[PDB]
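The block underneath contains the structure these notes are about, expressed in structure tokens.
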Amino acid sequence: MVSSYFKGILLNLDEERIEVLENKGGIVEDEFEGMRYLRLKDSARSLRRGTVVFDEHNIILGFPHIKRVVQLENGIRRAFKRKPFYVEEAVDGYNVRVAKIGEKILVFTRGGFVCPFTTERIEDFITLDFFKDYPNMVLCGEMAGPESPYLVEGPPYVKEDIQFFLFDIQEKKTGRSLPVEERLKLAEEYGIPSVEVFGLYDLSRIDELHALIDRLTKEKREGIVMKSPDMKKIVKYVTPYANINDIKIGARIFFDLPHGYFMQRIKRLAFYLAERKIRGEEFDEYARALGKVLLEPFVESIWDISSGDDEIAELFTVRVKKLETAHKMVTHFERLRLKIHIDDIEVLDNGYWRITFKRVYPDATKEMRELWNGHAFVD
Amino acid sequence: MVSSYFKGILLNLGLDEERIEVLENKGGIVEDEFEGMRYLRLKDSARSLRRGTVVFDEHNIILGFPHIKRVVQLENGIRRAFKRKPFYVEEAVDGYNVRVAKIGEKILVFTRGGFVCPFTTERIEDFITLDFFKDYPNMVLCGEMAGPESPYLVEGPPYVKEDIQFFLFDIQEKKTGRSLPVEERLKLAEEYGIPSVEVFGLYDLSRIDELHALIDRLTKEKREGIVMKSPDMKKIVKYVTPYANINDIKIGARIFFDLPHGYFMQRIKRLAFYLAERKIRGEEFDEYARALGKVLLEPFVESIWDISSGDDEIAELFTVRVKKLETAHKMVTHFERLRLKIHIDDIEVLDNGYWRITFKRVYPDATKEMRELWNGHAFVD
Ligand SMILES: [Mg+2]
Ligand SMILES: [Mg+2]
Ligand SMILES: [Mg+2]
Ligand SMILES: [Mg+2]
Ligand SMILES: [Mg+2]
Ligand SMILES: [Mg+2]
Ligand SMILES: [Mg+2]
Ligand code: NA
């Protein structure tokens, strides 16, 4: 199942813990272009989910999602008291870790898969000089834009294709984050595209941070991430737009979504309205918007499945340099248990191929259609 | 830890000792007692014997029965359940389920889980006459307790102006659980003066337009909806109004946390399917969108405002009427057994001699979650 070599590296840093992992599928061997690696599908003490192991040194730790606060002022007071913290952009994208492994630059998704799309086009997004000088470091960033393989939308100021946004630089094996100041100096030196840095703030400037959130909401942007200078304390606060747009997109599918998906966003909206003491007409605008994004996409999908045999679907586009990359993506999508096929192809004026993928949602379609056709259930 | 006497009754019903023992081990069957009478309660279902079944002796087995399945699409729900055959349409009443039976020389009232309800048992003779059990000791009256002064619900049907009322919806045989045909049940309710759910009439798929009109009237009257039953009571489905769904959200949003899994999602789904079936669009649709957002956010934001000031917990106040003060204290004890945090907040005597008890239920887990979030606690999704 798993080589004794990988099990051995795991011993460094129970043999039955390894074995239960091996048996349950918590650790699995994988391979990319001949390079074999171990992927941690489940977290094992210090080693988080998404950790990948190629050898003793090439260990790329997974890292978790950033904790959210739903109440900005008290969230800051709890996390930072009155000490300063950096405020950076939260970007609506998917997480990647970029590392040099052997002579190759590989890009890993959150779960620890080598992403064939982002890996092939990595030199379009970043320069490789960084890894010549820092081969033991991992660039952690968001891939975001309107032509994404994993998200239907993204930041509004990315007008085409997709872009990388650095938000952390971590050491291999330890996972240690560089202090903010050092990471920002490295990004400037090596021309690594970065999340926007809004500045250094503290609890006393909460009014300025509320004003920033209001601007970001109007600009249809995701929100902010707050970081101690030493990167040891990090919390995220997202805009009302992020929560409402999330519901709008998810309501098309509705069923078979993550547990609490809509609840979590309703809660973040309520706490924003409570904290900011929004009332009257402004409050009514938000209530109207929440009702529309829960119901309109959902009802439109019901009309879709009521009038034919086609499945609920999402269309998305990406750009690739080689057609073979599109077929490698289809294979990778299938491994992720996603039902995606190539729906359309065009060649761009710059020589890139624009691939239109279509993802269908068979389980949500089936549950929706059964309910439309009168299936009866208890709550 | 279940007696051999009770275990044997189950065996006599064909149940296996390995199932019985596995049930004993998980807690699927537990012994309970009311006023000295010991019985077995099925907290989990055992093959033929559903959850909430209670066993006092060989004859006094009162089967539990599940919630009635809902359809979210009325026309296709009818076609699937009944095809074009006729079915009775009765009111769904927003209340709590009870089973009323004669056990020995006592009339006992059971809630859905198989607990004897101290409140409803004490006041049963206010709601129904006991003549029925003199003639039919082997039958179980199944109904809803509903009204503005309920121990378990904060609201109820708008035409019940005070106190609480019983609404018969089924008559079942002991041990077998067999439901009497609709026509037989209605004849018995008339003969014995048993208060009943409203029967709107006999309908079929071809009359779908009249049923949509009925739902429209019931929504404007702030009523729960309809229950559709084959004459033989073997096929039963329920369809609730937009009001039932919107009001459920409004009430629940005050608490928000620690509610049943999918509570709000289930109701958003029922509104969407109603809007789709009825092809509501434009301004009419916007009115429902405005209403859904208001009932999700306004009660929730109001509770956040509440917990942001002071140390008081999210609470609901409700009243009941009792004949004896001792019944109120038995209710507090019973509420605690159910893991509910309820105390007596106020008491008054009515001009007719009843005691009106005001209970206060507090929600400590929902309060704590909401307060921690207000105070900046950080979590992943
Ligand atoms: Mg897109
Ligand atoms: Mg988003
Ligand atoms: Mg999102
Ligand atoms: Mg009440
Ligand atoms: Mg209800
Ligand atoms: Mg209700
Ligand atoms: Mg208060
Ligand atoms: Na269609």
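Throughout, protein chains are lettered first and strands after them, A, B, ... in sequence-line order, and every chain is numbered starting at 1.
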* Structure fact -> Whatever's closer than 4.5 Å to a heavy atom in chain B on A:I66 counts as backbone
* Might you confirm whether atom CD of A:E300 has over 12 heavy atoms from other residues, nucleotides or ligands at distances under 6.0 Å? => yes
* Output the distance between atom CZ (A:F298) and atom CG (B:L271), rounded to the nearest 0.5 Å. => 10.0 Å
* Asked: Passes side-chain contact (heavy atoms from CB on, under 4.5 Å), B:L292 versus A:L294? Steps please.
  -> CA-CA 9 Å; B:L292 175 59; A:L294 293 157; 3.8 Å; yes
* Asked: So among B:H261, B:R70, B:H67, B:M265, which one has a side-chain contact (heavy atoms from CB on, under 4.5 Å) with A:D379?
  -> B:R70
* **Among A:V69, A:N74, A:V70, side-chain contact (heavy atoms from CB on, under 4.5 Å) partner for B:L373** => A:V70
* **Which portion of A:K236 sits near chain B, non-hydrogen atoms under 4.5 angstrom** => neither
* **Value rounded to 0.5 Å, distance of CD in A:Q71 from CH2 in B:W374** => 4.5 Å
* Inter-residue atom distance B:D286.CG - A:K292.NZ, 0.5 Å rounding -> 6.5 Å
* **For the student: nearest non-hydrogen atoms of A:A274 and B:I304, plus distance** => CB-CG2, 3.6 Å
* Asked: So which heavy atom on B:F285 is nearest to which on A:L295, and how close?
  -> CZ-CB, 3.8 Å
* Structure fact -> When the 4.5 angstrom heavy-atom criterion is applied to B:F256 and chain A, the contacting part is side chain
* Asked: For A:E296, is it the side chain, the backbone, both or neither that has a heavy atom under 4.5 Å from a heavy atom of chain B?
  -> both
* Mind ranking A:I266, A:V293, A:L72, A:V235 by heavy-atom pairs under 4.5 Å with chain B and telling me who comes out on top? => A:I266
* Asked: Should the ring pair B:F273 and A:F255 be called parallel, tilted or perpendicular, given that the plane angle runs from 0 to 90° and is split at 30 and 60?
  -> tilted
